[PDB]
Structure formats: structure tokens, C-alpha cells
Amino acid sequence: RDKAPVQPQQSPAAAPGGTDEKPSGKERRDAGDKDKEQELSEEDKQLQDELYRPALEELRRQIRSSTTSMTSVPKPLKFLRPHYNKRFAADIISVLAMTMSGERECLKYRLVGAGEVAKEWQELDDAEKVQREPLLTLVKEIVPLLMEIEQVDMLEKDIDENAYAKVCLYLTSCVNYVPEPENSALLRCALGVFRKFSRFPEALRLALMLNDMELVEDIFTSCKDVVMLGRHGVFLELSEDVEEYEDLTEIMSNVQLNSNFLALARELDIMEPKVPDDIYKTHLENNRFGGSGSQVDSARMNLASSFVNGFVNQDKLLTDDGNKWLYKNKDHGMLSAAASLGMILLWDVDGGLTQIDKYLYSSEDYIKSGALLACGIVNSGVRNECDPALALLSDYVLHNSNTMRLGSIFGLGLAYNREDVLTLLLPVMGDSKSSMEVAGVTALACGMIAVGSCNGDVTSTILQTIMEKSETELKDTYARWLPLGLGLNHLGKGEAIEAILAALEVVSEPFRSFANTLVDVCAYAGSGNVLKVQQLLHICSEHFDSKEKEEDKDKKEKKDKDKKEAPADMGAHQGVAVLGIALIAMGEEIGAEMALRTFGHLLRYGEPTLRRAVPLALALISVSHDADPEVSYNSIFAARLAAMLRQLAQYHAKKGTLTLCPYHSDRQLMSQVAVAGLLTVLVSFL
Amino acid sequence: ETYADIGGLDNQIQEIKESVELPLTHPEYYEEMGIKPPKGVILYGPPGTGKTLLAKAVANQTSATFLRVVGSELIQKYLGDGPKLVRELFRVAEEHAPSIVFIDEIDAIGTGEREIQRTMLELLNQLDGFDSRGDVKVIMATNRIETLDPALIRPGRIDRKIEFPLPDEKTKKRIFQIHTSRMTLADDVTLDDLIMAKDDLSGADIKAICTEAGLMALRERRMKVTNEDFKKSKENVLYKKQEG
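For this deposited structure, the header cites cryo-EM as the method used and 8.3 Å as the resolution.

### What to know about the overall build of chain A
Assigned secondary structure in chain A consists of 39 helices and zero strands. Considered along the principal axes of its C-alpha atoms, chain A spans approximately 110 × 60 × 55 Å. Across the 686 residues in chain A, those meeting the buried criterion constitute 42%. Here chain A contributes 74 positive and 103 negative side-chain charges, whose respective centroids are spaced 4 Å apart.

### A short note on the overall build of chain B
A tally of helices and strands in chain B yields nine helices and four strands. Seen in sequence order, chain B has helices and strands lined up from the N terminus as α-β-α-α-α-β-α-β-β-α-α-α-α. Oriented by its inertia axes, the alpha-carbon framework of chain B measures out at about 60 × 50 × 30 Å. Taking all 244 residues of chain B together, the buried fraction comes to 35%.

### Considering the UniProt feature "binding site: ATP" in chain B
All names here are of chain B. As recorded in UniProt, the feature "binding site: ATP" lies at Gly-45, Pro-46, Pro-47, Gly-48, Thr-49, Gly-50, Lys-51 and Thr-52. Following the sequence through the fold, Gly-45 ends up in the loop between β1 (41-44) and α2 (51-57). Judged by relative accessible area, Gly-45 falls into the buried class, the value being 3%. Ignoring sequence-local partners within four residues, the contact set of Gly-45 consists of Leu-53, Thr-142, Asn-143 and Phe-164. Inspection of the secondary structure assignment puts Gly-48 in the loop between β1 and α2. Not counting chain neighbours up to four residues away, the residues in contact with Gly-48 comprise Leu-53, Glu-105 and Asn-143.

### A short note on unusual backbone geometry
Residue and element names in this part refer to chain A. Even without a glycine there, the phi angle at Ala-299 is positive, about 60 degrees. Inspection of the secondary structure assignment puts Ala-299 in the loop between α17 (287-291) and α18 (301-310). Exposure remark for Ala-299: the relative accessible area of 31% places this residue in the partly exposed category. Even without being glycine, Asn-455 reaches a positive phi, approximately 60 degrees. Examined against the element boundaries, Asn-455 turns out to sit in the loop between α25 (436-450) and α26 (460-467).

### Focus on the environment of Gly-71 of chain B
Residue and element names in this part refer to chain B. Within the secondary structure, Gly-71 is located in the loop between α2 and α3 (73-76). For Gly-71 and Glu-32, which are 39 residues apart along the polypeptide, the C-alpha to C-alpha distance reads 35 Å. Sequence-distant contacts of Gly-71, defined by excluding residues within four places in its chain, comprise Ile-103, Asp-104 and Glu-105.

### Considering the packing of aromatic side chains
The relative placement of two aromatic rings is captured by the distance of their centres and the angle of their planes. Residue and element names in this part refer to chain A. Applying the stated rule across the entire model yields four aromatic pairs over all chains. Ring centres of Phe-220 and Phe-261 lie 4.5 Å apart, and the angle between their planes is 20 degrees; this geometry places the pair in the stacked category. A single burial state applies to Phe-220 and to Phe-261, both of which are buried. Ring geometry for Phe-311 against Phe-685: centres 6.0 Å apart, planes inclined by 85 degrees, an arrangement best described as edge-to-face. Through successive ring pairs, a cluster of aromatic residues spans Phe-307, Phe-311 and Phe-685. We note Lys-196 situated over the ring of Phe-197; from NZ or CZ to the ring centre the distance is 5.7 Å.

### Quick look at the sheet that holds β1 of chain B
Residue and element names in this part refer to chain B. Within the open sheet, the four strands sit side by side as β2-β3-β1-β4. Their pairing is parallel. With partners counted over all chains shown, the strands left at the sheet margins are β2 (100-103) and β4 (160-161), one partner each. Two strands pair when backbone bridges link them, and β1 and β4 are joined in this way by two bridges, in the parallel orientation. The partner of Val-41 across the bridge, within β4, is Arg-160. Those strands touched by helix α1 (residues 10-20) are β1, β3 (137-142) and β4, and its axis lies near 150 degrees from that of β1.

### Considering α1 of chain B
Taken together, the buried positions of α1 of chain B are occupied by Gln-12, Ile-13, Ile-16, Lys-17, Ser-19 and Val-20 of chain B. Structurally, α1 of chain B contributes buried residues whose contacts are with β1, α2 and β3 of chain B.

### Observations concerning the pattern of salt bridges
For the structure shown, the criterion picks out 23 salt bridges over all chains. In this structure, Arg-28 of chain A and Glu-27 of chain A form a salt bridge, with 3.5 Å as the shortest nitrogen-oxygen distance. Like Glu-27 of chain A, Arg-28 of chain A is exposed. Among the ionic pairs, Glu-15 of chain B bridges to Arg-160 of chain B, the shortest N-O distance being 3.8 Å. Classification of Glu-15 of chain B as partly exposed rests on a relative accessible area of 24%. A single salt-bridge network, built from bridges that share partners, covers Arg-29, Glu-58 and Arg-61 of chain A.

### Side note on the packing of α18 of chain A against helix α19 (residues 331-343) of chain A
Residue and element names in this part refer to chain A. Two elements in contact, α18 and α19, have axes separated by 9 Å at closest approach and are oriented at 15 degrees. As summarised for this structure, α18 and α19 are arranged roughly parallel, according to the angle between their axes. Read as a crossing pair, α18 and α19 show a hand that is left-handed. On α19, the residues touching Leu-303, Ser-306, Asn-309 and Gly-310 of α18 are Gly-333, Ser-340 and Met-343. Tallied by class, residues from the contact of α18 with α19 come to two nonpolar, five polar and no charged.

### Quick word on helix α23 (residues 403-415) of chain A
Residue and element names in this part refer to chain A. With 13 residues, α23 extends 18 Å between its outermost C-alpha atoms, agreeing within 8% with the 18 Å of an ideal straight helix rising 1.5 Å per residue. For α23, the buried fraction is high: ten of the 13 residues fall into the buried class. Of the residues making up α23, those classed as buried are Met-404, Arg-405, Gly-407, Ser-408, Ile-409, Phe-410, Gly-411, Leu-412, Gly-413 and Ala-415. Where the residues of α23 are buried, they touch α14 (242-254), α21 (365-378), α22 (386-390), α24 (419-431), α25 and α39 (676-679).

### Quick look at the pairing of β3 of chain B
Residue and element names in this part refer to chain B. With respect to burial, β3 is a largely interior element, six of its six residues being buried. A two-sided burial pattern is seen for β3, the buried positions comprising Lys-137, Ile-139 and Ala-141 on one face and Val-138, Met-140 and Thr-142 on the other. Sheet topology note: the β1/β3 ladder contains three bridges and is parallel. From the neighbouring strand, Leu-43 faces β3, where its bridge partner is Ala-141.

### Here's the deal with the pairing of β2 of chain B
Residues and elements named next belong to chain B. Going residue by residue along β2, you find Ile-100 and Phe-102 tucked away on one face and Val-101 and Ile-103 tucked away on the opposite face as well. Direction of pairing for β2 relative to β3: parallel, over a ladder of four bridges. Paired with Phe-102 across the two strands is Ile-139, which belongs to β3.

What counts as what
- Residues numbered from 1 in each chain as written, not as in the entry; some residues may be left out.
- Chains lettered and ligands numbered in written order.
- Part of a larger assembly, values for the part shown.
- Heavy atoms only, no water.
- Helix = DSSP H or I, 4+ residues; strand = E, 2+ residues; numbered from the N terminus.
- Buried < 20%, exposed > 50% of the residue type's maximum accessible area, 1.4 Å probe, protein only.
- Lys, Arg positive; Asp, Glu negative; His and termini not counted.
- Charge placed at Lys NZ, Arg CZ, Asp CG, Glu CD.
- UniProt positions renumbered as here; feature names shortened; annotations may be inferred.
- Contact = heavy atoms within 4.5 Å.
- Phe/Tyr/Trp six-rings, centres within 6.5 Å; stacked < 30°, edge-to-face > 60°.
- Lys NZ or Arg CZ within 6 Å of the ring centre and 35° of its normal.
- Pairing = 2+ DSSP bridges.
- Axes fitted to C-alpha atoms, helices over the stretch in contact; angles between N-to-C directions.
- Salt bridge = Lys/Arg side-chain N within 4 Å of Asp/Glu carboxyl O.
- Parallel < 35°, antiparallel > 145°, perpendicular 65-115°, else oblique.
- Left-handed = near helix turned anticlockwise from the far one by under 90°.
- Nonpolar A, V, L, I, M, F, W, Y, C, P; charged D, E, K, R; others polar.
- Expected span 1.5 Å × (residues − 1).

Dropping the structure here:
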């Protein structure tokens, strides 16, 4: 209708004209007006004017919110004391109260840091619980505990919509953009609403991110009350970290209520059903053992054959193909081949003793040391082979129990804050043998033992290895693999002060500064810390040619979830190892067409470091299109490292720390063949 | 638009499926025989237009490198360089061995002119495998099986040939069923007069009136297909190919 009779009604200041003109504006407010509310130029004089003043404030905030206003909108509502499923209610409530309380919660949440914003925010909470528009008013009310009482106040009937949708996209966006102190509220409030509701495995993911000991007991009495079993045992034992499986094995060593929580909590029930399931449903051909086991020569392709053999566990023909195969190999090949019988037998705990006992206490030191390493690899919960190896330990110069210390401390570290082995590891780190792998498997052993701690620790373990690290600035490989275990102990995020303490005491000559940037690598598991991205771009142009490799190599760990941003322009640079930084930054994912697109360019290189580094990620990222890149390797090559590693890819073709540590420690393969004894015992390969 | 979407010729599409999906795929029943006739099948169709033939060649698009040399259009629109373009496509097909060379709308002899015979004889010489082996398959498709000269038959077809039956409103029924499998429309739309509206048409201009039926039906801000707007948009296609 025309505004001729009703337009001059707002000009006089008569009280009856207001008390009847304003209800007319409430009646015609369902569609607003005939136009975009161009009456502000005529009704703007009523700002200084004030019986039914809440209706005048409602009209004022209605028109000021109608045309334009950024701060003056919610003031008439916070002073109005609002009083007195329809189209009108959806109009003035849904979008006008959504944006209204959105900018009120934004301006008040970002300005000061009262009850008005709580009453308005809960009023919008209930009004939008009636309107039932999901994830929109939620995604607007994310940044303004309030979210705790909001979720427990809303999560009554809708379970899979808010849980699946809100927890899915708000979990991905929460770990992507939302900072950590609010993600902890997502974990505790999600522990509440998910503890009171069904779908336990997502609360088990909340136990993976929380690393709490009560959640596994509540999910064991709640999963025990509501009874498949072997599956949640599989991803239960695989999902749990180093802390809650020993705390779990001690509280279940206490009561356990069924003997099935330690029956499952021990490394017997996640592995006893796999043997018949793997042997029955799968049937592997023998042409890989015959061919790939036939074109091996030069004592290095035979090492690749000990790799293919060791990482086979159906068929056990190449495992027992005669003798002298271990005798013809080299010393480090006697270590890897001696551990091969342990890598092929991560099953059948009863027969492991009568199968590995043949090489025990033999005439050769590497056979018995790799045999104790085999005993450490075959199992992880037996812990009955410690005494005959860890007992004596008295060498002090060179004796066999140092290599048996490699296999037994490394294998026991894979089997495992237990002091029953660290008190014996104190003279190990205090010995400082010239052999690098001693402090290698010792620092990595205590590191993998110390992952998952409560905000880490700055005790005399890392303090002792730092004082003894800086004691002698020789054989910088120690200054390279010691920061591995240091950064492993730096786990325990939640704004711990270990990075600041290391930034205060560790800052020295660029070796311990390389240790410091390694602490910066392991200290950024992931959060909203874009300062690490602008700092990454700022420090990316450093003259030091190793902190670019490790610090820039951290890209595959920091943004490992949002893989849409992982491909970058690192290939267009001119650094000597930046193509290796992106090549390793590819990783072990499903291997989309973009990844193989990067391997098409990274595959053709002249240096043996990139040509040797490309088949590992090329075959790990793809587990009639798998062997074709290997044929491309045959077209490129047809040295020894490229052939042994290309066969390693020939068999490799077909946030847990256990899957993040081995390759990050493997980033120092460009050294002597002594590391090749540790190259084949990587535990991250499933 | 996959190999299992269309009906009425499932045997004719599982013949080309089981025929050209034999090399480089499913090797347990491929290397024991040791035949390898690297010639590929040859398709044709009286309707043609690339819709049915593309619906037959779409079986290779499941898991393979995308590469289709559709017709000799680029041979005649360019200078008389001759077979060197086919040599470049054959060497990039050599560097792209896990592929299937598909040719649609062969208009070499159906449409300077003296060079078509020499580039077709040299095309036959390079297609037969003068200096090659069973690396990539070659599928030839056109609008008429009689357009291929007898020269291109004995050294151009040694693998298998097929026969395409007349549409008999069953290929049109299945194509229209696919075009109506995603859109929302009741049975109020007469099928026979629209699949046989001008003289006969399988999928091309019915896909066109489905595109301008979604767009033209979207002009009215309603997802429903009005009984007068669909034929009102059909009058443009019916009038276009008949006025000139």
C-alpha cells in the first residue's frame, strides 16, 4: 500500500499516535515495507525522543538494522528488555537476531574480556532450537563455558545431525583454524555429550586426542555393558598410545573385571585372529620370491632380498630356502638378515622361542645380536628375553653386549616412563661409545618410550643427554639423532614451556641451534598458529642447508590433515634439497593424481640422493598403475643404491607417534651403510 | 554416463568391454593365451553423432589415461604436414602406453583432397604396426561402416567387428530414462512424439532439450517440467534443423 496516510503519522510526538502507529508498524513489519525502508531521513529525528518506549526502541533498532548500522543495532535490545514458527518470527528472529546477536557477541567478545550477552545468547539459542537451522547460527556462535552449556543445552534429540555434521566439519575446522584452548573445550564437552550418547568409537577418538585414562575405563564399562569385539580391540589397541596402554594395563592389572581387558590389552588377541584371516582369504604368488629372489646379486640386491623376506609377515619358502644365505651376507647384512627371521615371525608366540633359539648364543656376534633384536621384534608384550641380554650389560669398551644393546634396547623400546630400563640406560648414555647407533637406538628408545607424556618432562633424562650432548662437539651425527629423541620427548602439547626453556638454554652454536629447530619441528604437531607459516616463509631463506631440510620438512607433519594446501611451489626453487623437502613432503597417503604428478617430475633427477629418495615415497604412497613407475625406473637406470632401493620399492608397491617417528629418524640415510642395519627395521610400515 | 547405464545392448557393450579391457587389465586370463591381436574393435552407428559411440567408448574411461583423437578434423584444417601429426600422437601414445586410442566421426573420405588418400594409406601403414607391437589399442568409430574403404579392412580389422541395430525406441527409451534419472518430472511428458519428433533421434538433441529444459524450466523458478514449456523449447530444435 501507499505511504500517503501512514507516512506523516511518525512526524508528530503525540503519545496516542505512537501507541497506535507502532502496532501498525508491527502488523506491516511481516514484509518490512513496500521498499528498502527509505524513511530514515524522516524518522531519524526521533533519536532524542523517548510510555511504550520499548516499542519505539524496537522500531528504531528495526529500521537501523534494516538499512545500515554496525554497533547501534543491539543497544535498543540490550536496553529494551525484550517482551511481548511464523514468517515474522523467522524474519526478525532468525536473520535479524542471528546477525544481531552475532555482531553483539563479536563486538562484546572482542572488545571486553556481562549477563546481557548471556541472556541474549541463550534467547537466540532457544529461538534457534525452535527454528532448527543447523550449523549456521552454530557456525556464527562458535567464537563466543558458554559453548559447553550451549551444546549440553541443545544436544537432547538430534544426535547424528549435530554430532556427525557439527562435530565433523567443526572438528576439521576446529583442528584447522580454531585454536587449542577451545579445542580442549570441544574435547571435554564432546566427552560429555558423547559420553551420555551412543557411538562410542568417536569418544575413543576423543581419547586419542585427549590422552586420558578415565575415558578407556568408562568406555570399557559402557562398551562392556552394551556388547564386534575383535574390531574395537583392534583399533582400541592401535588407537591407544604409549601412556594409556600401560596405565590401562596397570588398572586392568588391578581389577579388569573380566580378565578380557588384559586378554585384549595384551599383544595376543590383536594378532591371534589375523593369521587365519590373512592366510585364508589371501593367496600370494611365488613368482615374486622366485624372480625378485632370483635377480639379486652384488651383496646389496641380496640385502633387498632380506628386506623383501623380512617384510613378508603366508608362504614361507624363501624364508627357509637352504642355508649360507646369511653367511654370504656382510656384517650389517648379518644384522639385517639375523633380524629377518624376527621380522618374518611377528606371530605364533609359542613357536617364537623354538624358531629364534637356533641363532641365539651362536659363534658370531652379529648372529646373536641380531637374534636378540629378532626376539625384540617378534613380540612386544612377552618381555621375558630382557634378562639374558640386558642382565650383564658390562662391556665398557667394545664387547658384544653393545650390539646386543642395540638389538635389545631398540627391540625393547619398540616393545614399550618406566625406570626399570632407564636406570640401566643411564650408564648407556653415560658411556658414549664411538658407535653412532648406540646413542641412536638409545635416544630413539627413550624417546619412543617418552612419547605421550603429560606435558612432557625436563628431567635429568633430556637434561643428561643435553649436558652430555654438548659435552663433546664431535661426530655431529650424535647432534643429529639426539634431537630426534629430544623432540620425541617434547610431545605433550598444550602450550608446554619446554620450547621456551629449550629456546633459553639450548641456543648456542648452530649444532644445538639445529637441535633447537628440531625442537621447533616436533613442537608444532598442529594448531592455529599461522605465525608458524609466516615464520616458515621468513626463515625459509636461511643460509643453513639443513634447517631448511628438517624445518621445511615439517610441512608434511604440521598440515598433514588439510592436504589441499600441502602441494606448494617448492619444486620451482633452486635449493639443493628442496626437491627432497617436497618429495618427502608427499608422504604415504592414497596417492592421488597430483601426488603421482609430482613423482613424474621428481622421478627424473641426476643425483643419487633424489633418485634414491623417490622410490621410497613413490611406493609408500601407492600400496596396472603400481609397477608402471617401476618400469620407468628401469628406463632411467637401465647405481647399487638405486637398484637396492628400487627393489625395496618393487616390494613396497604391494596422531600416533609409531607411524611418524621411523621415517623422521630415517631422514639421515645419506651416510655410511651402517644405518642400513636400522633401515630395514622400520615399524611404521604396516 | 557409464557402460552399465545404457540398456538394450548389454551384450554389445560387454563385447567391447571384454574385448578392449583385455590388454593391460585382468592379466591372469591374458598372458596365458599369448595371442595379442593389437588391432582393436571398430564401431559404427547410423545415428552416430558421438553420443552412442561415446557411450560405448566410455568403458575405457573407468581406469585409464584419457586420450581421444576424434576424427581427422585437425588433419584437414591444418597445412598439409601429412602423417607427422599421427606420428606425434603415436609417440605420445608410446609414452602413454596405458591408454586406448579412440577415433570418432571419421570424416576422411566422407567429406587437399588428393592428400587424404596418401595420409590414409600411410595412416594404414602406421596403424597396422609397421614398427610397433601390442602397446596401445585402436578403436575406430564413424557414422557408416561402408565409409571404410576395402584397403582399411584386411590390414585394419583383424580383431573383431560389431553390428549396431536400429534404435527401435529402446536405446531412446534407455537414454531418455538416464536423462530423467536425475531430473524430476512425472509421466505427463509424452515419450514417443519427442523421441520420434522430427524423424528419429537417440540422445543428442534430446540431451540438448534436456539442457535447455533444465535451463528454460529454471527460468520459471520451478523445478517441475511444464507440459507446454518442454515442447515450447522443443519447437526451437524442431524448427532449427528444418528451416535451414
